[PDB]
Amino acid sequence: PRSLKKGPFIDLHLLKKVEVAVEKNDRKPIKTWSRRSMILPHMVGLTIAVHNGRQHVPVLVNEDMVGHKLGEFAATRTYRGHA
Amino acid sequence: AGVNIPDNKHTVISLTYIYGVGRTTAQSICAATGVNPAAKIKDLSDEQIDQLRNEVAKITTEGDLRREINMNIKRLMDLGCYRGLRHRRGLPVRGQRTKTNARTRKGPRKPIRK
Amino acid sequence: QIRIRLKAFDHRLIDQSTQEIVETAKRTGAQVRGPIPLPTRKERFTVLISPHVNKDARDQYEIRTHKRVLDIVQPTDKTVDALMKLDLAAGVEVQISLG
Amino acid sequence: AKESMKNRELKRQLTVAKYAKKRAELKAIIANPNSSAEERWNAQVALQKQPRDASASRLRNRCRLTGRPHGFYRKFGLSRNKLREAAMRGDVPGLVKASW
Amino acid sequence: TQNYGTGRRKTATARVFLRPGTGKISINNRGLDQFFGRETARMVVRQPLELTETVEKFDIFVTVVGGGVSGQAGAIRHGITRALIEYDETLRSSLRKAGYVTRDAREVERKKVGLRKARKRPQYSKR
Amino acid sequence: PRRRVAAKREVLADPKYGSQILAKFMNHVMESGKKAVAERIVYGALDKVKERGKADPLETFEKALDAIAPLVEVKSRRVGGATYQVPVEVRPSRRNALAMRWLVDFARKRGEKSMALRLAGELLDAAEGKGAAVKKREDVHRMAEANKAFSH
RNA sequence: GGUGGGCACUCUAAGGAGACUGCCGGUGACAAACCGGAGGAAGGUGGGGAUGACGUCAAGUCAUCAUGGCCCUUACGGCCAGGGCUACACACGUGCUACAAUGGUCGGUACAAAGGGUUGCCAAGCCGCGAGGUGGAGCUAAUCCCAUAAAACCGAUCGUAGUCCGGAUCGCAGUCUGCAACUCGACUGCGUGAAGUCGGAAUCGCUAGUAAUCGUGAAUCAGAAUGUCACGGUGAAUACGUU
Ligand SMILES: [Mg+2]
Ligand SMILES: [Mg+2]
Ligand SMILES: [Mg+2]
Ligand SMILES: [Mg+2]
Ligand SMILES: [Mg+2]
Ligand SMILES: [Mg+2]
Ligand SMILES: [Mg+2]
Ligand SMILES: [Mg+2]
Ligand SMILES: [Mg+2]
């Protein structure tokens with residue numbers, strides 16, 4: 001895990017796109033390519049479509065998984081099954 | 001006697017058994033309520049066994065440990081997280097090899113078709 | 001009382017330079033104590049020789065650095081300072097201290 | 001070892017060398033304990049907005065003659081195999097085959 | 001007075017001084033027993049001295065550097081043998097027959113390319 | 001080999017007892033280059049033998065060795081059509097090594113506290129011949145006797 | 001060796017002597033040469049390394065490089081962000097750790113070689129269980145740092161029990177570099193604690209400082225070695241012989 005000298009980590013464009021989304025409530029999913037972003041507790045309730053590699057998978061965030069990275073919930077390997 | 005602690009052994013050696021205390025925190029408990037580590041637990045007066053019970057009950061052991069581990073694991077599968085998703089398959093979650101040599105988390109060989 | 005250090009890749013040239021500086025310093029009357037061979041520095045390299053997969057075919061190469069130390073007593077004439085082109089020619093490095 | 005690969009890694013070299021101090025300043029700000037979150041967050045934003053292709057971790061040193069990434073000896077500037085040619089020709093000073 | 005000797009064995013070196021005295025036997029400014037702890041070093045060291053029945057007549061002061069405990073013991077043995085034969089130059093044949101003057105020459109063989117140790121090799125599956 | 005040029009380096013490094021056979025037993029019992037451990041194990045077994053038997057352990061060890069040294073052994077031979085075993089007498093030198101190897105191998109697997117009393121028990125057993133090593137030596141001998149039809 | 005000092009010794013590195021069947025006995029076609037002995041530190045090309053003949057396998061490499069052709073020109077040429085090469089019902093090769101008492105822990109204690117360091121090493125004190133943090137000395141290095149070798153010895157304990165063995169897996173919280181450790185790094189603290197009782201057919205390495213076993217360093221490199229290359233400590237057994 002990241003050293004505690006830097007708690008959060010969000011790309012600046014993502015911040016300025018979601019810091020707008022706090023004054024006005026959740027109204028539209030945010031299309032995101034940054035998988036390294038750390039979700040802060042004060043954006044709970046929004047829908048974020050994270051880039052899988054082909055399409056953007058949308059996810060909803062609540063307080064339970066605040067301590068996790070964005071792309072952690074978006075897998076990239078299919079594995080439909082050997083048989 | 002805790003939860004059926006063994007006798008005829010050194011205090012800390014038997015104190016490793018309470019399922020939540022190893023050897024370091026076991027020695028910490030032994031030195032907190034000062035008793036001889038080299039003394040056999042059989043020759044231990046009951047006037048300190050109650051203090052050892054207090055020390056054990058301070059943090060956790062057996063049942064509470066089961067509860068906490070299982071609740072922690074349960075909030076992983078439901079969340080849709082990658083760690084829980086792999087934890088739902090028997091595959092290792094830290095990121096070891098899977099092309100081969102993932103045996104401790106797949107049990108027997110279970111050969112193809114037979 | 002000055003101290004002189006000599007570095008070279010090849011021992012023959014450093015020996016020639018040490019003899020030259022000893023002769024120049026002694027011939028003017030200034031006293032000189034004998035040279036000190038400092039331990040050499042050997043660096044080794046193991047390199048693959050095939051353009052493609054042959055792991056056991058390898059070459060070993062070595063670079064050797066030789067160091068010599070000199071010191072003088074009773075400094076009266078300093079001509080070797082102006083004889084730098086004489087002292088060093090192509091591959092010997094000379095350092096001087098406590099002039 | 002294309003021409004484009006050499007040109008575009010020269011790009012990394014140029015960009016990294018051109019700043020060469022602002023990274024040190026921002027890392028001094030961050031690493032210093034008594035800096036306060038007020039003077040740490042602005043440094044974080046400064047580091048983030050600065051172009052990504054100006055970092056030491058973004059540089060891969062290649063042969064100065066062909067640009068082969070693997071088989072590099074930083075004692076020289078040469079690749080795995082041109083070292084052998086130069087040594088055999090006798091261009092590398094002080095280098096001989098060793099047995100010991 | 002005194003006599004000097006040098007002994008080397010397996011990258012270990014030892015300087016020995018043999019003087020008139022009662023055999024104080026100091027190893028690196030320490031007693032012989034206090035240096036070698038529960039091993040065969042003591043008697044193999046004293047072997048040349050006990051063979052010439054002159055254990056105490058010669059005080060021995062040595063310094064040993066490099067190698068290991070067995071190598072140091074061998075170096076001391078060779079050095080004191082040299083020091084003795086620098087005093088009694090009629091027992092040369094005695095220590096030839098004893099085999100104490102000939103220096104050991106075996107040294108740690110180097111590692112080679114394609115091998116793990118000096119001579120060990122990988123398994124070489126035939127397929 | 002094919003030359004018969006290999007030398008025979010002589011090792012005799014008994015520290016205090018000054019015994020030759022003891023030295024070869026040391027070399028046999030030593031494992032992974034641990035000479036000191038072998039010294040302590042063998043000397044503990046020897047001291048147990050002393051504190052048990054009033055006889056000096058030197059001769060007890062010697063008579064145990066001489067009661068486990070075989071005289072003939074069976075060796076396979078490729079006749080070119082059958083699997084045959086022929087009895088051959090032991091070389092005078094080889095029997096000592098055979099006895100040492102058998103003794104140490106059988107002593108390694110007692111299951112009691114340590115090899116001190118393990119080797120002590122084996123030396124006492126083979127002093128008069130109630131040990132498993134002597135039994136297996138007799139079994140080898142009876143192989144050789146039951147295959148005497150070849151002999152040669 | 002802290003200082004004066006010494007050129008005694010070790011040590012460092014340059015130049016040199018020494019081993020050439022040289023001498024003796026025996027054999028041998030009184031040849032070549034063979035078997036012992038003296039002296040000798042070393043005796044029979046002393047030990048190790050580099051050195052690979054004419055050619056073979058249309059062996060490998062067009063992806064290190066060069067190069068005769070053939071191929072694309074809005075792309076089979078370029079730029080950027082994410083993902084993969086680290087996937088997983090299985091099989092194979094090469095290693096590491098084990099299955100313990102020739103050992104696991106605890107306390108104090110002894111001896112090596114080799115090497116790297118000024119876009120570097122990075123000490124002292126102090127703060128943290130720890131990984132680590134402030135701090136800045138000294139060093140362009142036989143001077144300062146990396147950095148305290150381990151196995152070994154002694155004393156206490158464990159008593160053969162899947163165990164004071166073994167450590168995978170897993171849960172929680174950390175530390176370091178890097179813009180960024182989810183896919184996908186290495187280490188740290190607590191806890192759980194698995195398979196594993198020496199392994200079939202078959203199969204591998206090794207002739208003396210060798211096998212076995214214990215530790216140390218370098219390269220690549222912001223970080224990432226159970227791999228590669230290199231250095232020492234302890235230290236064996238066996239060779240009747242050529243079917
Ligand atoms: Mg090109
Ligand atoms: Mg890189
Ligand atoms: Mg060497
Ligand atoms: Mg080794
Ligand atoms: Mg095979
Ligand atoms: Mg072909
Ligand atoms: Mg091909
Ligand atoms: Mg791959
Ligand atoms: Mg051979």
Side-chain angles (χ1 to χ4, degrees), chain A residues 1-3 9 33 35-36 51-53 68-69 71-72 75-77 79 82-83, chain B residues 10 13 19-25 38 65 69 72-73 82 92 95 97-99 103-105 110-112, chain C residues 11 15 36-40 44-46 51-53, chain D residues 1 4 33 47-48 50 52 55-57 63 66 68 72-73 79-82 97 99-100, chain E residues 4 6 10-11 13 15 35 37-39 65-70 72 101-103 105-111 113 118-125, chain F residues 1-2 4 6 9 27-38 41 78 91 113-115:
Chain A
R2 177 161 197 170
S3 192
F9 176 78
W33 287 270
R35 291 175 50 87
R36 300 171 293 125
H51 186 241
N52 166 39
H68 286 86
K69 307 200 63 48
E72 190 277 331
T76 61
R77 278 83 66 90
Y79 191 18
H82 263 284
Chain B
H10 289 222
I13 308 303
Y19 182 76
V21 55
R23 186 267 182 275
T24 71
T25 177
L65 208 64
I69 62 170
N72 263 352
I73 299 183
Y82 178 86
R97 275 185 92 99
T98 55
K99 188 174 184 177
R103 281 298 98 196
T104 179
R105 275 194 68 83
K110 49 184 71 61
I112 304 179
Chain C
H11 65 278
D15 293 344
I36 304 307
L38 296 200
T40 53
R44 305 175 148 119
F45 304 103
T46 290
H52 201 270
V53 288
Chain D
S4 80
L47 210 54
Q48 275 215 19
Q50 281 148 0
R52 184 186 286 173
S55 179
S57 306
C63 196
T66 60
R68 193 178 199 278
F72 192 83
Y73 292 165
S79 174
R80 170 169 61 92
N81 49 11
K82 298 292 180 68
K97 291 177 71 68
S99 315
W100 79 81
Chain E
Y4 176 73
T6 306
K10 196 198 277 278
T11 183
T13 177
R15 322 186 304 149
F35 205 62
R38 197 151 299 284
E39 52 198 1
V65 186
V69 287
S70 308
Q72 293 179 356
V101 64
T102 286
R103 187 197 183 279
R106 38 210 285 183
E107 311 291 337
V108 173
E109 188 168 13
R110 66 181 293 270
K111 183 178 178 180
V113 192
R119 294 193 187 182
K120 191 175 176 171
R121 322 196 47 110
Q123 292 180 357
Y124 162 56
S125 166
Chain F
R2 299 206 204 272
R4 181 60 269 166
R9 63 176 99 87
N27 276 338
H28 272 80
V29 66
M30 182 179 72
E31 190 276 331
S32 183
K34 308 310 198 40
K35 182 63 66 68
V37 182
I41 295 299
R78 294 302 93 223
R91 293 209 307 270
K113 281 281 159 178
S114 87
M115 283 73 74

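Order of the sequence lines fixes the chain letters, A, B, ..., with proteins taken first and strands second; residue numbering starts at 1 for each chain.
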Peer 1: Answer yes if G:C170 and G:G191 form a Watson-Crick or G-U wobble pair with both distances under 3.5 Å, and no otherwise.
Peer 2: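 Yes, a Watson-Crick or G-U wobble pair.
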Peer 1: I want to verify a distance call: between G:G103, G:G15, G:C184, whose nearest atom is closest to the F:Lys34 side chain?
Peer 2: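 The answer is G:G103, which lies nearest to the side chain.
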Peer 1: When the nearest nucleotide of RNA chain G is assigned to B:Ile73 and to E:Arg15 on a heavy-atom basis, which residue is associated with the more 5' position?
Peer 2: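 In this pair, the answer is E:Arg15.
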Peer 1: Using whole Å, report how far CG of C:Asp15 lies from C1' of G:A14.
Peer 2: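 Atom CG in C:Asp15 sits about 6 Å away from atom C1' in G:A14.
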Peer 1: Side chain of E:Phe35, heavy atoms from C-beta onward: which of G:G159, G:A110, G:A208 has the nearest atom to it?
Peer 2: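 Within the option list, the nearest is G:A110.
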Peer 1: Would you call the rings of A:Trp33 and A:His51 parallel, tilted or perpendicular, taking 30° and 60° as the class edges?
Peer 2: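 Ring orientation, 0 to 90° scale: tilted.
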Peer 1: Taking atom types as they are modelled, would you say the side chain of E:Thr102 forms a donor-acceptor pair with the base of G:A41 within the 3.5 Å cutoff?
Peer 2: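 No such pair is found, so the answer is no.
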Peer 1: Do G:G82 and G:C72 make a Watson-Crick or G-U wobble pair, both distances under 3.5 Å?
Peer 2: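 No pair, by the stated definition.
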Peer 1: Could you pick out which residue, C:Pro39 or E:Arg103, lies toward the 5' side of RNA chain G when each is mapped onto its nearest nucleotide?
Peer 2: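 The residue whose closest nucleotide sits nearer the 5' end is C:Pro39.
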Peer 1: Between G:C187 and G:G174, would you say there is a Watson-Crick or G-U pair if both relevant distances must stay under 3.5 Å?
Peer 2: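 Yes.
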Peer 1: Distances under 3.5 Å only, N/O to N/O: pair up the protein atoms with those of nucleotides 90-93 of chain G.
Peer 2:
{"residue": "G:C90", "atom": "OP1", "partner": "B:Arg109", "partner atom": "O", "Å": "2.9"}
{"residue": "G:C90", "atom": "OP1", "partner": "B:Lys110", "partner atom": "O", "Å": "2.7"}
{"residue": "G:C90", "atom": "OP2", "partner": "B:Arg103", "partner atom": "NH2", "Å": "3.1"}
{"residue": "G:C90", "atom": "OP2", "partner": "B:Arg109", "partner atom": "O", "Å": "3.4"}
{"residue": "G:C90", "atom": "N4", "partner": "B:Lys99", "partner atom": "O", "Å": "3.4"}
{"residue": "G:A91", "atom": "OP1", "partner": "B:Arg109", "partner atom": "NH1", "Å": "3.4"}
{"residue": "G:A91", "atom": "OP2", "partner": "B:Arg109", "partner atom": "NH1", "Å": "2.4"}

Peer 1: Any side-chain N or O of B:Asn72 under 4.0 Å from OP1/OP2 of G:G171?
Peer 2: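 Answer is no, no contact under 4.0 Å.
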